Structures are given as structure tokens and as C-alpha cells.
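> can you look at this? It's an experimental structure, sequence on top.
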Amino acid sequence: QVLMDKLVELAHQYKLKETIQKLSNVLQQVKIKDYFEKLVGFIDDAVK
């Protein structure tokens, strides 16, 4: 019981959820639509 409780406390000390959330927040701020437009332009150039 003590082992499990201390493991739970240690895991919650790091708070992996906060790190994942921060990474997700930064991920959205990149200009993704520019990349999508560039891909569309490449395929359009190929078709043309």
C-alpha cells in the first residue's frame, strides 16, 4: 500500500499532463495553414 501511494504521489509530482498541455498549446501556434496552402500549391503545380 505504501509503495503504491508513494508511486502515485511521485508520478503526480512531475505532472506529465501539464507538459503535454503546454506542448499542445505551442503546437497550435505554428502557421499550419501556410503549410497546407503550400502543399495545395505543390499539387496544383503538378496538375498544371
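Perfect, thanks for sending it. Residues are numbered from 1 along each chain as shown.

> what residues does the lengthiest helix in the chain touch?
In the chain, taking DSSP state H as the definition, the longest helix is helix 32-47. For helix 32-47, contacts defined as C-beta atoms under 8 Å, 6 or more residues apart in numbering pick out no residues. Just so you know, the C-beta spots here come from the backbone N, C-alpha and C atoms, and that holds for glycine as well.

> how far does that helix sit from its chain's centre?
What separates the centre of helix 32-47 from the centre of its chain is 23 Å, taken as C-alpha atoms, centre = their mean, to the nearest Å.

> same question for stretch 6-15.
22 Å.

> for that stretch, buried residues please.
Of all the residues in stretch 6-15, not one is buried under the rule 16 or more other C-beta atoms under 10 Å.

> now do the SS call for the most centrally placed residue in the chain.
For the chain, the residue sitting closest to the mean C-alpha position, by C-alpha atoms, centre = their mean, is residue 24 at 3.7 Å. With DSSP: H, G, I helix; E, B strand; the rest coil as the basis, residue 24 sits in helix.

> ok, it to residue 32 distance?
13 Å (C-beta to C-beta, to the nearest Å).

> cool, and residue 46?
21 Å.

> when these two are compared, which one has more neighbours?
The neighbour count for residue 46 versus residue 32, taken as other C-beta atoms under 10 Å, is higher for residue 32 (10 against 7).

> tell me the spacing between that one and residue 3.
In this view, residue 32 and residue 3 are 44 Å apart by C-beta to C-beta.

> same thing with residue 22?
For residue 22, the distance to residue 3 - C-beta to C-beta - is 30 Å.

> and the two? Which one has more around it.
Shown here are residue 22 and residue 3; by other C-beta under 10 Å, residue 22 has more neighbours (10 against 7).

> distance of that one relative to residue 28?
Residue 22 is 11 Å from residue 28, where distance means C-beta to C-beta.

> check residue 12 too.
Taking C-beta to C-beta as the measure, residue 12 falls 26 Å from residue 28.

> and for residue 20?
As judged by C-beta to C-beta, residue 20 and residue 28 stand 13 Å apart.

> which one of the two has more residues nearby?
A direct count of neighbours by other C-beta under 10 Å for residue 20 and residue 28 places residue 20 higher, at 10 against 7.
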